[PDB]
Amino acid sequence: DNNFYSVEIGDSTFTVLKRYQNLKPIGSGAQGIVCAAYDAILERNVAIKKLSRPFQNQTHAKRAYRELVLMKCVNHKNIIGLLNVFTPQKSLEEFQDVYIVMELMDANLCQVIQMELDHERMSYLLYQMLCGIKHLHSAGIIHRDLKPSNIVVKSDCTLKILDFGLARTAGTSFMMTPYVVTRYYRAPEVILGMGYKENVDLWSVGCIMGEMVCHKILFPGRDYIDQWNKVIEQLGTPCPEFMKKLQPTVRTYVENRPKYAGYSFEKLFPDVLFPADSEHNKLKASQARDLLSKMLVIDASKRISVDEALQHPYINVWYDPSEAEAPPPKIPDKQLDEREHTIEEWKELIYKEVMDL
């Protein structure tokens, strides 16, 4: 009668359908622990994420709703693919946990970052990453949380983006970015509390690319004031026109910082960190550097877009319209707009999403 068995994985208990066998842990984050499993019906490995009592408070609820809604919309080879959504509880009153089942990838990007990548692999991985982002951007979705723990790869050299809990739909209203633990990849506009467009995500690609080359985090900060200082030290105090856009108190503190000059991008990414220079006229160290100097730009109105990035010669060698000009996700009549509902109401919203589609 009972279609669920309950595995123990350290602290947390997974109660999952019988079809998913031999669960084992593969990763973790703010939302708990992720397991690999064998799906006896599809006869392949999958990934299984558990959201426990996500309706328990505001920030967990908004994050879960966004995840469910957007996992159902996305459809692209470089976005993690949704496979199943279920909950073991049988009614709304009893509802506790949501389980998301996804295709299984071999590792997240933190593993790749320590090793030395040649130019072919470095540019191909970024291209795939940019294609994933363009797909989100082609329906107005801004991810806001790109970072290496949110990108996964397979040993066949494919790459997929995941974790849309912070993703935002389109709108002309300011939305404060939710708190997160790993903040090293946030763009200046997010740090400083300014309005922002989709190429906040491009700044994050900039940090990731710098890391794949440095094998070290570009802007490590205990604090936000710490983090801003790392940015200006390395890139330089921004132009006075960029200072006007700031609110007064944020403005006074940023203008009172010591005026750093910033280093060149040759001084920031010398040939030594880059592999042997290809004979291919586009996969140069000088081209990867050029692309970095256009992504790692403090003032977003001066910063390259995802589309221009895909046309850049370091990336452009792999260009295929079936990947970079693919059909968008279909964003339903639901606003992921950081509104507030109460505990009782979030519970219904999240339950309906699990049971409907």
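Numbering starts at 1 and runs along the sequence shown.
In this crystal structure, the stretch out of 276-284 and 177-185 whose C-alpha atoms carry the higher mean B factor is 276-284. Annotation for 114-122 versus 153-161: the higher mean temperature factor (C-alpha) is found in 114-122. Taking only the listed residues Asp106, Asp201, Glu103, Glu94, the entry reports the highest CA temperature factor at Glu94.
For the set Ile225, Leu83, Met194, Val205, the maximum C-alpha B-factor listed in the entry falls on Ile225. In the deposited entry, the Cα temperature factor of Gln311 places it in the lowest third of its chain's modelled residues. Among the modelled residues of its chain, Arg257 has a C-alpha B-factor that falls in the highest third, as given in the PDB entry.
Among all modelled residues in its chain, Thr172 ranks in the middle third by Cα B-factor. Split the chain's modelled residues into thirds by C-alpha temperature factor. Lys245 is in the middle one. In the deposited entry, the Cα temperature factor of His341 sits in the top third of values across the chain's modelled residues.
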